Amino acid sequence: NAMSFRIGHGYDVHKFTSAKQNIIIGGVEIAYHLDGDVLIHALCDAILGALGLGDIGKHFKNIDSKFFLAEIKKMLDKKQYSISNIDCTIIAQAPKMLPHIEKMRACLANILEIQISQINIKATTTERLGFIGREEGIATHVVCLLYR
Amino acid sequence: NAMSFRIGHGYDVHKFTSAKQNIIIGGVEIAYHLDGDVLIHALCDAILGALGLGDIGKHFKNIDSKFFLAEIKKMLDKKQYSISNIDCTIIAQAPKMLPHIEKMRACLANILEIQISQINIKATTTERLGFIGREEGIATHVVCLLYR
Amino acid sequence: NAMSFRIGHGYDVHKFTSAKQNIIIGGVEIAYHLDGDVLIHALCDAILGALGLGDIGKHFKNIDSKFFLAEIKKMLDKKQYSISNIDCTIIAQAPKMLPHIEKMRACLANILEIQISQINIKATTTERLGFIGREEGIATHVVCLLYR
Ligand SMILES: [Cl-]
Ligand code: NA
Ligand code: NA
Ligand code: NA
């Protein structure tokens, strides 16, 4: 017989939220900001993308994003596709990703039950240009290849 | 025997054109702006990309973009490749895409003569950052996988 | 038997460096600016990406970028994968790429020892929006598909 391959692509952006002092109003103290895991998000998007399932939005807060990834792993099995490989590009002026990347790979390879060598995570910069260069936020691109 | 797979990638950007009142000059009324379907454009690019055909520019105005997509469908057949699947990411702060996405999928699946499940369209935002966050325009990323 | 496919994705950005007159300080003349091949860079990233090898950074200045591409060609052989095809999107408001693209394709197809038709290079614009629209720099997206 023959086999089937499918590509997904996720893209996500996270805006940094500056922490600023809590304020009192009408005598009550309100902590504020002025959550989302950008990579796992783009990754879920890529996988549902490859499957013609739309995005994470079609299927669904403060729960560890790892959970969602685990639900996507199940949806993946029900559709009877496997991961061939995953490639990730984190785009950030900062923080510095390099120290944490292998941890990310092990973490996700585990949840997804593939080999570390089947999921690549690299980080680049915009060279201080655009909203990412000004450190207003970060983005990630994910591509996945699925097989049956 | 064996089979062949090929990846394309399109990327397109559309700048919004503000509608502003018509002006008279030298006594003649001139309507102005201060056309392109961004998705079908990136999509054509991805397909010609996968085939080593360059871009839509290598092969060619106000004609419905669906037409071009139909010519790309023919070029695809002459090269004897088929679509495995297509993944699309629309990047926009607005308008709101969600209501129109299924229409897009049906429309394009039809022209391309594949299953709706073979073409995925998702929409994300830049979270109000960069030119897209300021609503100056929109972009789309397309990836396609082709087989023989 | 069966075969294996793998996707890579590279993304690179280059900031233009304005040439401005040399300055003298403490009586010594210092030439300054206020190097990297963006495409070959994203391309290497895509290939190492597909292989679960991280990025060019994991494996390594003023040497012709073609060299690095040639080392990536060797790493590719040691892992025993082949290029199915490569798709490149150069994002620039300028300079004008169109005249130089075929040269790029021949150059890289040669080093990589594949057919010109196996590597596609297209160029688009941001329509004068964002850092690329303001001509502050350029980016490239590469996707590659590898087989065994
Ligand atoms: Cl900007
Ligand atoms: Na799809
Ligand atoms: Na190609
Ligand atoms: Na990989």
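Quick rundown of the values:
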| item | result |
| --- | --- |
| Rh by Kirkwood over Cα pairs, then Stokes-Einstein D for region A:63-148 at 0.692 mPa s and 37 °C, µm²/s | 232 µm²/s |
| P(r) weight above 27 Å for chain C, C-alpha pairs, percent | 30 percent |
| Among C:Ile24, C:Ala106, C:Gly52 - extreme Cα towards positive end, dipole of region C:4-131, charges at beta-carbon | C:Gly52 |
| Quotient of Cα Rg and 2.2 N^0.38 Å for region B:6-59, N being how many residues it contains | 1.75 |
| FRET efficiency for B:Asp64 and A:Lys66, using Cβ-Cβ distance with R0 set to 51 Å, rounded to 0.05 | 0.70 |
| Cα centroid separation, region B:53-97 to region B:15-31 (Å) | 32 Å |
| Estimated 222 nm signal from helices in chain A, with DSSP H stretches of n ≥ 4 weighted -39500 (n - 2.57), rounded to 500 | -9000 deg cm²/dmol |
| Interchain or long-range residues, amide H under 5 Å from B:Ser4's placed H | B:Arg148 |
| Neighbouring partner chain Cβ atoms per residue of A:49-56, average, 10 Å criterion | 6 |
| 7 Å along Cα→Cβ, label-point gaps from B:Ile63 to other copies, nm, shortest first | 5.0, 5.0 |
| Computed over the protein assembly as shown, Kirkwood Rh from alpha-carbon pairs, angstrom | 22.9 Å |
| 7 Å along Cα→Cβ, label-point gaps from B:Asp77 to other copies, nm, shortest first | 4.3, 4.3 |
| Counted charge near A:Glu136, where neighbours are those whose Cβ lies closer than 13 Å (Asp, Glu -1; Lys, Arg +1) | +3 |
| Partners for A:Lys15 among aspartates and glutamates (Cα-Cα distance below 15 Å; same-chain residues under 8 apart left out) | A:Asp35, A:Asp37, A:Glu135, A:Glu136, B:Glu127 |
| Per-residue HN-Hα couplings for region A:40-57 [Karplus 6.51, -1.76, 1.60; θ = phi - 60°; Hz; x = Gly/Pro] | 4, 5, 4, 5, 4, 4, 5, 5, 5, x, 3, 7, x, 8, x, 10, 4, x |
| Test item: A:95-101 mean partner chain Cβ contacts at 10 Å | 1 |
| Pseudo-label separations to other copies for C:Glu102 - Cα-to-Cβ vector, 7 Å, nm | 4.8, 4.8 |
| Candidate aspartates and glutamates for bridging to A:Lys74, where Cα separation is under 18 Å - those fewer than 8 sequence places away on the same chain excluded | A:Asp45, A:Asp55, A:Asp64, A:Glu113 |
| Exercise: per-residue mean of other protein chain Cβ atoms within 10 Å, A:140-146 | 5 |
| Net charge contributed by nearby residues that have their C-beta within less than 13 Å of C:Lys78 (K/R +1, D/E -1) | +2 |
| Whichever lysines have a C-alpha closer than 18 Å to that of A:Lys122, once near sequence neighbours (fewer than 8 apart) are set aside | A:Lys96, A:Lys103, C:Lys58 |
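Each reported figure results from applying straightforward, stated rules to the coordinates on display, with no laboratory input. FYI the Cβ positions are ideal-geometry reconstructions off the backbone, even for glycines, and counts take in every protein chain you see.
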